[PDB]
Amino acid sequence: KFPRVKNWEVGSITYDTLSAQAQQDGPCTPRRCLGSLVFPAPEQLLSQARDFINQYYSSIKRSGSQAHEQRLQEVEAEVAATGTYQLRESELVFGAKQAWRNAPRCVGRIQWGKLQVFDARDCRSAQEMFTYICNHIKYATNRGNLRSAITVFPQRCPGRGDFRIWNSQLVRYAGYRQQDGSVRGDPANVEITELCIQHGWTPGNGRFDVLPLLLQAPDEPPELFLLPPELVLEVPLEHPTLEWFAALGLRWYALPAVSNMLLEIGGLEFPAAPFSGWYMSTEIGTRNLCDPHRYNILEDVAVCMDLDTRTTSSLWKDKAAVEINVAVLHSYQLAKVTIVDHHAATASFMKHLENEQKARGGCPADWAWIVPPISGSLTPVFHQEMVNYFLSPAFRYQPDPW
């Protein structure tokens, strides 16, 4: 009674038994699948805490010992006394890592064990928040040799407002509306750019202005901080055989650092816990540069290549997009900033799938998200069947603080 799953390219059969532990519930019924959707008490905080503890001890192969029982009785007594609880340092490391390990839409989870967890739970103000964040970037940017890190700020607690980062990423390019209904810069950031101005930012007028940070302390308005330019590593984009490419004046940042998700560990919730890895080239090349309501440079790049843009059948879209990905990959390599290509990443993901079958008897995977957005069937994940579901700890979306 467990999902039989097949790799069709190879002929492999696994049974996802870990799915039987699916701590939460998704949007699919037997009458209808909604898999393509983008956005799908103390007795129970304890039940949430209890299980997480039982996991943490199962990991270090110390399950059901003296210290497992001591830790259990203590938490259930700290909730009883105060209404919440505190995780030990090593329970924070394990939790943050499990939340990476559990994230169904991440193709880069081969690396989950090697994450660097900065504990910022002693943080106190907006100005100090910024300090922790700059360290994060410095450590993670590492002069282009990217290291995966997560910083955790104080947990949500009754009686005190949340620490929150208002930017969706630590590094984002501005996006100004023009009178022609055109956006100069990144059209996805038109909103966050607004907020930045109405809180006092002097706006630039370029396609790649790096936005300031908006950092909110407990029960305090968000404060506007400027990242030091020297901290933000950027890659100018150029093609190895198309020299007219670099005169598009395109560039991207080195560090993908998502700052608007909520980490959830053993019932406790950390609304502000920015994490970062390194890029897969399709994210910059296809999503960021090609999407029609992103920078939307496909037709332009095609005209320069003298492809016949008058007809679909010429495949000018597909040709131009392959070359844009090529430029991305060549630029990052030239600048010695870590990048992985969709073939390498999906190849590593298959090994991850093998590791998790042996370790946990399975692995939550969201097929529609794991398959890269170009060249789907050329990768090995395409012909692999997957079971999507939800485990804890986890990274969650949360509503914008406005």
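C-alpha atoms forming the largest set that superposes within 1.5 Å between two forms make up the rigid core. Residue indices: 1-based, along the sequence shown.
Farther on average from this form in 8 other deposited structures of this protein lies stretch 58 to 66, the comparison being between 347 to 355 and 58 to 66 by RMS Cα distance after core superposition. Here the rigid core sets the fit, and in 8 other deposited structures of this protein the C-alphas of 25 to 33 stray farther than those of the other stretch, out of 329 to 337 and 25 to 33.
Compared with other entries of the same protein, residue 41 falls in the group left without coordinates by at least a third of them, where both flanks are modelled. According to the entry, the stretch of the deposited sequence that connects residue 27 to residue 28 contains no residue lacking coordinates, so the chain runs unbroken between them. The mean Cα B-factor in the deposited entry runs higher for 192 to 200 than for the other of 192 to 200 and 208 to 216. In this crystal structure, the stretch out of 119 to 127 and 245 to 253 whose C-alpha atoms carry the higher mean B factor is 119 to 127.
Annotation for 379, 12, 388, 384: 12 ranks highest, by Cα B-factor. In this entry, the residue among 343, 62, 336, 351 with the greatest C-alpha B factor is 62.
The PDB entry assigns residue 370 a C-alpha temperature factor belonging to the lowest third of its chain's modelled residues. Among all modelled residues in this chain, the alpha-carbon of residue 80 has a temperature factor (C-alpha) in the highest third. Placement of the Cα temperature factor of residue 179 within the chain: highest third of the modelled residues, per the deposited record.
Sort the chain's modelled residues by C-alpha temperature factor and residue 160 lands in the highest third, per the entry. In the deposited entry, the Cα temperature factor of residue 73 places it in the highest third of its chain's modelled residues.
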